[PDB]
Amino acid sequence: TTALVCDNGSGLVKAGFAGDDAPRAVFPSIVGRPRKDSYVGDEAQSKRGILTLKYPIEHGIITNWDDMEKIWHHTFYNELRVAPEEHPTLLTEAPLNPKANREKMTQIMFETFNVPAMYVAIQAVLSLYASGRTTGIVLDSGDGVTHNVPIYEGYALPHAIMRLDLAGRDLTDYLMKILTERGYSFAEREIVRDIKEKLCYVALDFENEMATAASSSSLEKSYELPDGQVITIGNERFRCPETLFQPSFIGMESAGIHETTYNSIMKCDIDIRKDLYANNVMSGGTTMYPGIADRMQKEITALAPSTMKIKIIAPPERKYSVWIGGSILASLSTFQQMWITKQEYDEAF
Amino acid sequence: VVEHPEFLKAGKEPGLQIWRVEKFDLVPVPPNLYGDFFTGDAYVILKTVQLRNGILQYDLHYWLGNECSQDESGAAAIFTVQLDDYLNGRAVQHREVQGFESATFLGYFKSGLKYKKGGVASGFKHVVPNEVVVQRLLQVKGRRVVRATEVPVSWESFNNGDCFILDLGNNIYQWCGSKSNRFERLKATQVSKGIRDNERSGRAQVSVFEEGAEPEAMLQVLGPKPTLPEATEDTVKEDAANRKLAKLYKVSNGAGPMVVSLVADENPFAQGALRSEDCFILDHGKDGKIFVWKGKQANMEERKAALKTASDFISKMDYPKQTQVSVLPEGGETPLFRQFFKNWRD
Ligand SMILES: Nc1ncnc2c1ncn2[C@@H]1O[C@H](COP(=O)(O)OP(=O)(O)OP(=O)(O)O)[C@@H](O)[C@H]1O
Ligand SMILES: [Ca+2]
Ligand SMILES: [Ca+2]
Ligand SMILES: [Ca+2]
Ligand SMILES: [Ca+2]
């Protein structure tokens, strides 16, 4: 029949049907219980006043298995509203997800949703495929984690992967801290997350832009709430995402994403870096800031050999690129061959 | 990992092969057209060379026309690595973009490339995530038994003592008559919160008011409010009608042959009636709705049968042509289906 693609992230869950452009359902990966004895996603968020919210997925890895059933249930029976038993199901996993992890995933899909078949795909490789490349290095950055994944001829080189626990929620938290320091008092995280995604931007030269912000108000942009409130925001516009380059803004001694990309290419065989450097595919919501690719350009060309050809690819729909990768993969004539069927499960890209 | 029919053909003797991607499939280009590439498509090309030792040398090139859709160029890419995998990985891979092909790739063609306008259309169905496009009105009436039925979106369906959900997708507007009743009120609320939490997965907002508090958007849709009829009559005869609004059928091949049977003539259907072993049809077709309910353990015959049976009901009972059948997995029931059961429990 028809395959489902479900890309479950730390902050959001993108779900829909293989063959589509894009995910049909996008919703918060949260599971709310009382202080109906469960609630999921957007409904859980609305009723958070009488619920305790947990996030099953931590930094790209599933960590609460009971709650994660609730998410998948909520996906099949409500977001998509379909018999899972009639539909093979593609799921995505993070770069260096433990074998034992993906085994639970797989058991749950068969033993509790009784899917007829399934496959688990690494997310970064899907984003690359969505870009129409077999070889590149991906920077996925979401709500909870950031990876650098060099990929050569369709396969991730696991020893060169880099994980970095700094992503969107952290940027949102930071924006809250500094909007507060500024004089606003930020039920109101959602307002702040909206501002982050409509007003923030990466600056080409940070100190250079700090100086522009001090000298006029040419850089000030406002956000208009429906209650009348206008929150106006200047240099914190570009300071917030500047954290990806300078983790020290939020107290983290980790290095920025332009260094982790460089260090990743350097863990790879010298004979494939030319290709890596010319194929920086950016995946993920946290990579959506205006100006980010020009910064990555600038920053990694200053790290890379003097004569290297460097390209950053920033797909306009990179917010859903993992998902789009899954839809294409799940739709291919060749994919019937490489599912894992329920029958194969009862005998044990 | 993959031995697709055309893979079996791939790379056996020294030559040039060219497939084009077509609606998620790999399809051989006719050899007589090798050199033509539609600019709206993506191709995979395998070049095999007799290496002097005995084994063969493999170069996969995937060419992407300037005007090809994302599914096509992704597929070209995915096929390329599967092609390469089928050859035990012993092929190097080459992204080729229109108008910047490698000297190597152009060399495969003696007479020059010839680009051709057009291509096979994308295999992608277009969606916009989370988007609902809904405009509809529900009359809610009753007392001992209150049900919600669909009516035309106008003031011509309003009355002083029924409730109404003007469902506009992202926003649900609930409306209550001045001369309405308490039980109509409660049930209208259950349904509105249902449409929001269940049908819309939490991504809508209900608003409750009465005759005279008419919000901004209620009027943008319906125009100005005219004067108001006091309904047909009374709740007792409205309950005797709500009670006979639908019929619930079972569909089961459980003893051998398929058997569509009437379970229930009258209302509150018992939830227990719906059993996981079989399928059910709740026919409410005079409104414009027939539900097929699918037990988690129903077999594919019963599922197929229930769906056909129900679509049969449309051409048979002179229902609106634009009546459609809505199919629900056990576990994924909608408010308008759920209303017909006594105190529904999940
Ligand atoms: N316009 C944008 N600008 C900045 N951030 C954005 C933008 N759009 C979305 N985001 C951020 O993207 C993040 C969600 O993206 P994504 O769906 O990739 O995360 P996730 O996959 O669910 O979590 P993770 O990948 O880390 O496990 C959120 O933090 C969100 O605020
Ligand atoms: Ca992700
Ligand atoms: Ca095409
Ligand atoms: Ca290879
Ligand atoms: Ca049966």
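Using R0 = 60 Å, the C-beta based FRET efficiency linking residue B:12 and residue B:178 works out to 0.15. Available extension along the chain between residue B:27 and residue B:219 is 63.6 nm, counting 0.36 nm per residue and deducting the alpha carbon span. Compute the Cα gyration tensor for chain A, then decide on rounded, prolate or oblate, letting a ≥ b ≥ c be the square roots of its eigenvalues: rounded whenever a/c is under 1.5, prolate when a/b is larger than b/c in the other cases, and oblate in all that remain. Note, shape of chain A comes out oblate. When the convex hull of the Cα atoms of the range B:63-196 is projected onto a plane and the area is averaged over all directions, what value comes out in nm²? The orientation-averaged projected area of the Cα hull of the range B:63-196 comes to 15.2 nm².
Based on every Cα atom in the range A:248-346, Rg and the maximum pairwise Cα distance Dmax equal 18.0, 56 Å. For the protein assembly as shown, taking Cα atoms only, Rg and Dmax work out to 28.9, 96 Å respectively. If you take the Cα centroid of the range A:289-349 and the Cα centroid of the range A:1-78, the two points sit 22 Å apart. Distant-in-sequence amide contacts of residue B:147, defined by a placed amide H-H separation under 5 Å and a gap of 5 or more residues or a different chain, comprise B:141. Counting every C-alpha pair in the range A:102-239, the share spaced more than 24 angstrom apart comes to 54%.
By the beta-carbon count within 10 Å of each Cβ, the least crowded to most crowded order of A:232, A:301, B:309, A:334, fewest first, is A:232, A:301, B:309, A:334. The simple Förster model, with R0 at 45 Å and r as the Cβ-Cβ distance, assigns residue A:229 and residue A:165 a FRET efficiency of 0.85.
For residue A:184 and residue B:208, the FRET efficiency from 1/(1 + (r/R0)^6), where r spans their Cβ atoms and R0 equals 25 Å, is about 0.20. Simple spin-label estimate for residue B:312 and residue A:314 gives 6.0 nm between the two label positions (7 Å along the Cα-to-Cβ direction from each Cα). A cut-off under 10 angstrom between Cβ atoms defines the neighbours of residue B:63, and their net charge, with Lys, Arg +1 and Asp, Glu -1, is -1. For the protein assembly as shown, the residue among A:88, B:258, A:215 whose Cα projects farthest onto the positive side of the dipole built from Cβ charges is B:258.
Scanning residues 5 or more positions from residue B:263 or on other chains, those with amide H under 5 Å from its amide H are B:248, B:249, B:250, with H placed 1.01 Å from N in the peptide plane. Shape index of the range B:130-235: Rg/Rh, with Rg the Cα radius of gyration and Rh the Kirkwood radius from the inverse mean 1/r over Cα pairs, equals 0.94. Classification of the range A:84-123 by its C-alpha gyration tensor yields an oblate form. The axis ratio a/c (a ≥ b ≥ c) is 1.5 or more, and b/c is at least a/b. The mean count of C-beta atoms from other chains within 10 Å of the C-beta of residues in A:122-132, rounded to a whole number, is 4. By the count of neighbouring beta-carbon atoms within 10 Å, fewest first, B:155, A:72 end up ordered B:155, A:72. By the count of other C-beta atoms within 10 Å, a proxy for reagent exposure, B:216, B:72, B:22 are ordered fewest to most as B:216, B:22, B:72.
Here the scattering of chain B is modelled by Debye summation over its C-alpha atoms, one equal scatterer each and no solvent; at q = 0.10 Å⁻¹ the log10 of I(q)/I(0) is -0.77. Roughly how many whole Å is it from the C-alpha centroid of the range B:204-260 to that of the range B:160-181? Result: 10 Å between the Cα centres.
Modelled spin-label separation between residue B:104 and residue B:343, with each label point placed 7 Å from Cα along the Cα-to-Cβ direction: 7.4 nm.
Here the label points at residue A:250 and residue A:207, each 7 Å from Cα along the C-beta direction, are separated by 2.5 nm in the simple model.
When the C-alpha to C-alpha distance is required to be over 18 Å, the pairs from B:23/B:125; B:294/B:342; B:12/B:116; B:250/B:294 that qualify are B:294/B:342; B:12/B:116. Averaged over the residues of A:268-279, the number of partner chain Cβ atoms lying within 10 Å of the residue Cβ comes to 0. Across the range B:1-129, counting alpha-carbon atoms alone, Rg and Dmax equal 14.6, 55 Å.
A quick note on method: Cβ atoms are made from the backbone with ideal geometry, for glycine too, and the neighbour counts reach across all protein chains shown. Coordinate-derived values only; no laboratory data.
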